Amino acid sequence: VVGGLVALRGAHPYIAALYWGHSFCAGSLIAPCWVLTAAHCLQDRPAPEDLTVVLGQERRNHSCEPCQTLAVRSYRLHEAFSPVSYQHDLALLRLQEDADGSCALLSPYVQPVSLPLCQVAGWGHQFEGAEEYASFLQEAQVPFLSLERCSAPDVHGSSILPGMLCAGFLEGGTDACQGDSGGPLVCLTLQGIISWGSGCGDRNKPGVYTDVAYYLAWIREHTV
Amino acid sequence: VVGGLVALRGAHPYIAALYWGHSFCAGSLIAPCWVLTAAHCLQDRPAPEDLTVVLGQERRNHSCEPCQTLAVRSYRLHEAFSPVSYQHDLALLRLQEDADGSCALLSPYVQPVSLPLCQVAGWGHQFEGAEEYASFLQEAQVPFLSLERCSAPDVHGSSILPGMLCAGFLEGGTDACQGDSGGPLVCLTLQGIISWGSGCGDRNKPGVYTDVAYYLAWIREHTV
Amino acid sequence: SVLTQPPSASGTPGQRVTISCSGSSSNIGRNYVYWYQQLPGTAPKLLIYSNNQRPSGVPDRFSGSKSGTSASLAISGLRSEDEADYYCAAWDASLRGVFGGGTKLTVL
Amino acid sequence: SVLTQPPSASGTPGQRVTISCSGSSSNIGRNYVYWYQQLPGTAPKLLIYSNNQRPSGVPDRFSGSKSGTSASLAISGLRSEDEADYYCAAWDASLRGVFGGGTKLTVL
Amino acid sequence: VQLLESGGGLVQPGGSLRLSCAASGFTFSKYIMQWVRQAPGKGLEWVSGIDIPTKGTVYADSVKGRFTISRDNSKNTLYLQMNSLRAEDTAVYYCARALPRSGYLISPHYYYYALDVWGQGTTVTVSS
Amino acid sequence: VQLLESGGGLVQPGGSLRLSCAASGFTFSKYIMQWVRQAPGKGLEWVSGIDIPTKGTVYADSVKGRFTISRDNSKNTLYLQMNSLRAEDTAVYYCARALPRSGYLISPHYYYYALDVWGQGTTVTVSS
Ligand SMILES: *[C@@H]1O[C@H](CO[C@@H]2O[C@@H](C)[C@@H](O)[C@@H](O)[C@@H]2O)[C@@H](O[C@@H]2O[C@H](CO)[C@@H](O[C@@H]3O[C@H](CO[C@H]4O[C@H](CO)[C@@H](O)[C@H](O)[C@@H]4O)[C@@H](O)[C@H](O[C@H]4O[C@H](CO)[C@@H](O)[C@H](O)[C@@H]4O)[C@@H]3O)[C@H](O)[C@H]2NC(C)=O)[C@H](O)[C@H]1NC(C)=O
Ligand SMILES: *[C@@H]1O[C@H](CO[C@@H]2O[C@@H](C)[C@@H](O)[C@@H](O)[C@@H]2O)[C@@H](O[C@@H]2O[C@H](CO)[C@@H](O[C@@H]3O[C@H](CO[C@H]4O[C@H](CO)[C@@H](O)[C@H](O)[C@@H]4O)[C@@H](O)[C@H](O[C@H]4O[C@H](CO)[C@@H](O)[C@H](O)[C@@H]4O)[C@@H]3O)[C@H](O)[C@H]2NC(C)=O)[C@H](O)[C@H]1NC(C)=O
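Along each chain, numbering proceeds from 1 in written sequence order. Entry numbering may differ, and residues lacking coordinates are not shown. Naming scheme: in the order in which they are written, chains are lettered from A and ligands are numbered from 1. Excluded from the side-chain calculation are hydrogens and water; included are all heavy atoms of the structure. Residues with missing side-chain atoms are left out of burial classes, side-chain pairs and their counts.

As stated in the entry header, the method of structure determination is cryo-EM and the reported resolution is 2.6 Å.

Here it is, written out as structure tokens:
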């Protein structure tokens, strides 16, 4: 997150960290056993046994007392996800139940976010050509932008497909960046998934998200 | 290294990998107990006891049979190094001797490079906004560029100070990138240290190095 | 999927001609459009990607635009070296790159 | 270190005036040059950094150039809102940011 | 960056043939490799692709079940095993690469899912 | 992004005074914090800096040995302990930030070693 701020310890209890190999991205706890992230995080299709989910975390890949480490039973990419255009860029993670069938233990630092002043958070690059991830979870306030402004020839043109949305400033500055993929956009309810963007904080190039309200039926059907 | 190629296993035995905390950059073995790198790698001045030097390596931060791990006795930034302009951007690492006073064991994969068709190597970003380092050591062929072309108003203007040099293409493409700082430029003799660049592989923006021949007396004086 | 292109087009040097591509909601209206030029006896050459972007080395006089299920390619400042085959391209629902019929551009 | 600037400068609206800064080989000829504008009763405002780069929000009509130990600032399309104090800035050998004397730009 | 095709020739109908595409100057691991065929007097036709994200291997319907595309990343070469070659499989077969999309950022420097580099082409004739 | 100075006032010559600069809207850890003073009717004068790379703390020669600059990163505030305040220390003291240079890349988005954000300024009067 470029142009953002360090979030408080109990500010985003719904954010999730995903690890496999040397790869990382974020997510959103929408239910005790369900994490919603981007489809392009898992488009190389790693094994579910290679995936690690950490809930309750503030520093990236640092152990904490409220941190909760979980395994992934399975994940479901959207059936119509396009790796070329990043349309339908959302996936669902199913967490591994313990002996007594409790996936995530709810706490002041671990809590699911509801489904449908917007705020974006992640551990991505704090500068456009940053060498490392953000150690602390960063947060930023980004306004929702209209679809007519999204599909303007000077902003994004025809790249904006149904299911997408804009958030940020047409003047640049504050935006999402590399490493923030799959992270939440909360306006609290989950209103977006950090999906793609041409640059980090460029003028007339705000970040593009996944419209969570556009896929409410898909999430309800595939989280049962 | 953007636009580069995977180097062979015994192609650059003089390259060194430096680790401290979550920070990394490259270097050049110029002597059995001396590694030459960039001054801006160590401008935050970490302790020498926090520095790890790995010689003989092909995959970044991966153990190998020819790999040699060494401690750093001390390092010497250039006394006139400017963090504002990156002039005199070079530093010298002194390796830790063992019981019998042998710092680095020479092998087919560990060998110092001599001091004064140019080639640049490193584990940096393979794309401009890359999320991770290069796993394999990349190499690239970059031509030496004239100082008049360096100081052209359309290329770099007045940013080119004495002790600097250019290497790469005015058309873009192949160049050094983020994560390659301190790495070698060999034309073999060491002719440059990867120092700074405005973008990765931009048109009329080739990478800037440290002219090793400009600081030969300094290196000879401070490696005795 | 399939993309519909005019069989041929004609122009005078210095003029401006337009090559149009027509598709459906599964290839063009849902994804990017690409343009390739093929001189006789040679491999195709990439002209336009992402519906409006040019690879380095392609003159600014080649312009591409996309509007829904239709895409077009414009060549302004037409020269005699533009006599070639022009193809629109896309990827369908199962990826699986798709090519248009091709247009014979003639420079008269 | 020290940077030498003219005490004042004058101009007519719509004209083009130049503010020059003179330095030595330890501050200007060895490092970047920066420009700041200060209206009366207000804090200084960054105008130029890296000898030619403008922060967003500063009009394109402000131009900066560096040539050896001397630097200059040009204001084209002069307006009545340009009446301010202009300072050149740099860092010396021991970092330690350095400011010029300042120039009184008057819009007559 | 260079692509070289080989293996073309005159084949009887119902026969078999294998094509090869040697790659040089670029990493034969970060790109999607494709076969595109040019029948004489016709247009382009996409045949096969390998290492396409969310897929393993994609085939055109006209060649499905008869053509097999595979890689030898160590040899930096691409294969196309063509079986049951019927009459309208005559074409100039091209080998090309496309860069896949990776993460959040799209850059003007990198040409995603566009066939930027092609090969010279190898001629396959299926006649009796 | 906002900087607020406080602690100015009328001091007898040879006295002591401490200035404070509260920061908001940005991370008070990735920036160099400076004091610049504006004497009445004169130009700008750089006083002190903290967390400057290759240095720890830099002082102007006119204030060396009398002024001490320090941080409270938890409080996101910057201090300036002024001692032995002589007559020509009267000024409007400004608190400003500059972004340090980090690695290989320099970007037009980020304004290195430039004083992009300042404070309102606090007035210090040293008179008898
Ligand atoms: C930080 O990121 C770690 C991954 O990143 C690596 O390490 C960091 C430090 C950097 O260097 C980075 O560059 C590296 O790439 C991440 O590590 C993961 O930690 C979990 C801890 O639970 C590991 O899971 C456990 O794995 C072992 C065995 O793992 C092997 O098999 C898997 C399956 O393919 C492979 O992926 C591994 O590479 C190994 O080959 C299991 O035995 C163990 O099972 C137990 O726990 C499960 C779930 O709780 C139970 O169901 C079982 O019954 C057992 O009780 C775990 O599953 C994971 O392997 C490991 N991955 C890697 C790549 O090391 C670390 O968690 C992150 N930390 C934080 C705080 O975010
Ligand atoms: C890969 O990078 C490692 C550093 O990066 C971290 O780990 C990777 C996997 C990623 O997760 C990355 O994100 C992380 O940030 C690097 O680790 C280094 O390995 C060396 C191995 O020699 C360690 O040195 C040994 O340290 C111990 C104790 O270390 C403590 O003190 C130091 C001093 O301040 C601290 O810096 C540490 O953090 C620890 O608190 C020593 O006891 C030991 O001494 C022995 O060896 C020396 C030198 O050979 C002899 O002189 C002595 O007599 C002893 O025989 C070592 O000095 C180093 O601590 C460790 N750093 C970190 C940050 O973990 C790893 O080497 C890299 N691997 C490759 C293949 O490149």
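Student: Please explain the interface of chain A and chain C as it appears in this structure.
Tutor: For an interface, size is often stated in terms of accessible area lost upon the parts coming together. Taken residue by residue, the interface counts nine residues in chain A and nine residues in chain C. Note on chain A versus chain C: buried area summed over both sides is about 710 Å², and carbon and sulfur give 50% of it. Any carboxyl oxygen of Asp or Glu that lies within 4 Å of a side-chain nitrogen of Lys or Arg is treated as forming a salt bridge with it. Where chain A touches chain C, the interface holds zero salt bridges. In the analysis that follows, any N or O atom pair within 3.5 Å is treated as a polar contact, provided that within protein one partner can donate a hydrogen and the other can accept it, and provided that, for residues neighboring in sequence, both atoms belong to side chains. There are four residue pairs in polar contact connecting chain A and chain C. Among the residues forming the side of chain A that touches chain C, the class breakdown is three nonpolar, six polar and no charged. Whether two residues are in contact is decided by their heavy atoms, any of which lying within 4.5 Å being enough. Put simply, buried area is the surface a 1.4 Å probe can reach on two separate parts but cannot reach once they are joined, added for both. Under the scheme applied here, ten amino acids are nonpolar (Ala, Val, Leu, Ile, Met, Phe, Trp, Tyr, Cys and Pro), four are charged (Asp, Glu, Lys and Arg), and all others, including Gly, are polar.

Student: Looking at this model, I keep getting lost on the state of the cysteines. Mind explaining?
Tutor: Disulfide: a covalent bond connecting the sulfur atoms of a pair of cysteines. Any pair of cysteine sulfurs within 2.5 Å is marked as a disulfide. Counting across every chain of the model gives 16 disulfides over all chains. Between the sulfur atoms of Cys25 of chain A and its disulfide mate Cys41 of chain A the distance is 2.0 Å. Placement of the pair is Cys25 of chain A in strand β3 (residues 23-31) and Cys41 of chain A in the loop between β4 (34-37) and β5 (52-55), with a sequence separation of 16 residues. With respect to burial, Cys25 of chain A and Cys41 of chain A carry one shared label: buried. A sulfur-sulfur separation of 2.0 Å characterises the disulfide bridge that pairs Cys64 of chain B with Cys67 of chain B. Measuring handedness by torsion sign, the sulfur bridge of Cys64 of chain B and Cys67 of chain B sits at about 115 degrees and is right-handed. Here a helix means four or more residues in a row that DSSP labels H or I, a strand means two or more in a row labelled E, and each is numbered from the N terminus. Three exposure classes are used, based on accessible area relative to the maximum for each residue type with a 1.4 Å probe and protein chains only: buried under 20%, partly exposed in between, and exposed over 50%.

Student: How should I be thinking about the pairing of strand β9 (residues 103-107) of chain D in this particular structure?
Tutor: Each regular strand displays side chains that alternate between the two surfaces of the sheet. Residues and elements named next belong to chain D. Side chains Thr103, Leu105 and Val107 project from β9 onto a buried face, and the interleaved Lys104 and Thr106 project onto a face without burial. In short, DSSP must find at least two bridges between two strands for them to pair. When strand β1 (residues 8-11) meets β9, the two strands line up parallel, connected through four bridges. From the neighbouring strand, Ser8 faces β9, where its bridge partner is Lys104.

Student: Sorry if this is basic, but what is going on with the site of ligand 1 here?
Tutor: Residue and element names in this part refer to chain A. The environment of ligand 1 is made up of 13 residues, and the closest members are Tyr19, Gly21, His22, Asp50 and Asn61. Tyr19 is positioned with one of its side-chain polar atoms (N or O) 3.3 Å from an oxygen atom of ligand 1. For the area figures, the Shrake-Rupley method with a 1.4 Å probe applies, and any residue is considered shielded solely by the protein chains shown. About the coverage of ligand 1: the protein hides 36% of its 1,200 Å² of free accessible area. Listing elements by their share of the shell around ligand 1, those giving two or more residues are β5 and β6 (68-77). Tallied by class, the residues present in the shell around ligand 1 amount to three nonpolar, eight polar and two charged. A single heavy atom is enough: if one lies within 4 Å of a molecule or strand, its residue is considered near that molecule or strand.

Student: Please clarify how the site of ligand 2 should be interpreted in this entry.
Tutor: All names here are of chain B. The local shell around ligand 2 holds 13 residues, among which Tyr19, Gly21, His22, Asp50 and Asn61 are the closest. Here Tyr19 contributes a side-chain N or O atom positioned 3.3 Å from an oxygen atom of ligand 2. At a separation of 2.4 Å, an oxygen atom of ligand 2 approaches a polar side-chain atom of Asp50. Here ligand 2, which alone exposes 1,200 Å², has 36% of that area covered by the protein. Among the elements of the structure, β5 (52-55) and β6 (68-77) are those that each provide at least two residues to the shell around ligand 2. The residue inventory of the shell around ligand 2, partitioned by class, reads three nonpolar, eight polar and two charged.

Student: In this structure, what is going on with the interface of chain E and chain C? I would like to understand it.
Tutor: Taken together, the 29 residues of chain E in the interface contact 21 residues of chain C. Carbon and sulfur atoms make up 63% of the area that chain E and chain C hide from each other, which totals about 1,900 Å². Remark: the boundary between chain E and chain C carries one salt bridge. With a closest N to O distance of 3.1 Å, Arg96 of chain C and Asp61 of chain E form a salt bridge. Scanning the region where chain E abuts chain C turns up six residue pairs in polar contact. Broken down by secondary-structure element, the contributors of at least two residues to the side of chain E that touches chain C are β4 (32-38), β5 (44-50) and β6 (57-59) of chain E.

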